[PDB]
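In: Model the structure of this input:
(one chain, ligands or ions: 1)
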Amino acid sequence: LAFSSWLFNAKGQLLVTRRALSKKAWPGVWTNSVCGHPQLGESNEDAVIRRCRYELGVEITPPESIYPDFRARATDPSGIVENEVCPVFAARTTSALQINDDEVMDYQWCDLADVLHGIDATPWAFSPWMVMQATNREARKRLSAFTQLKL
Ligand SMILES: [Mg+2]
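Out: Numbering: from 1, shown residues only. I have put the structure below:
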């Protein structure tokens with residue numbers, strides 16, 4: 001049971017993050033903005049809001065559900081197996097990042113189209129869930145909606 005979220009700023013840029021060197025699974029790997037696990041009795045929406053605060057010190061708009069049926073298994077460079085129920089969301093940040101370096105060792109604000117081109121060309125350089133989520137046609141169209149400038 002898990003969630004993933006793709007965050008955009010009001011200008012429509014996508015935030016990509018790099019998992020800290022100390023993460024158990026996929027340490028050091030570039031990936032979409034945030035992922036995690038809801039707590040007992042917590043909605044996925046509220047888990048997203050909570051983890052964005054926790055890993056990125058940031059506030060967000062109401063998370064939109066963009067890939068509710070996403071579920072996968074993937075094995076990490078060290079063999080850690082992960083099998084997850086992981087509905088995907090998108091939101092916009094409404095405040096500045098304040099980075100938790102226990103979780104995130106780097107990040108970049110990027111153009112979605114560049115990120116998609118990188119994912120499509122060199123998927124091995126990104127976490128496997130970032131790639132499997134972004135290559136879903138419907139989810140990808142939702143990411144594109146979040147690139148619009150919001151004034
Ligand atoms: Mg996380």
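In: how about the helices of the chain, start to end?
Out: Here the chain has its helices, by DSSP state H, at 44-56, 112-121, 128-134, 137-145.
In: Relative to the ion, which of these is closest?
Out: helix 44-56 (5.6 Å; Cβ to the ion). Where C-beta positions appear, they are placed from N, C-alpha and C, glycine not excepted.
In: Identify the residues contacting the closest one?
Out: 3, 5, 7, 15, 17, 33-39, 42, 58-60, 62-63, 87, 89, 91, 93, 97-100, 103-104 (Cβ atoms under 8 Å, 6 or more residues apart in numbering).
In: what do you get if the cut-off is 6 Å, keeping everything else the same?
Out: 3, 5, 34, 36, 38, 58, 60, 63, 87, 89, 97, 100, 103-104 (Cβ atoms under 6 Å, 6 or more residues apart in numbering).
In: Can you tell me the closest non-neighbouring residue to whichever residue of the chain sits closest to the ion?
Out: Residue nearest to the ion within the chain: residue 36 (4.2 Å; Cβ to the ion). Nearest non-adjacent residue to residue 36, counting by Cβ to Cβ, 6 or more residues apart in numbering: residue 51, 4.3 Å away.
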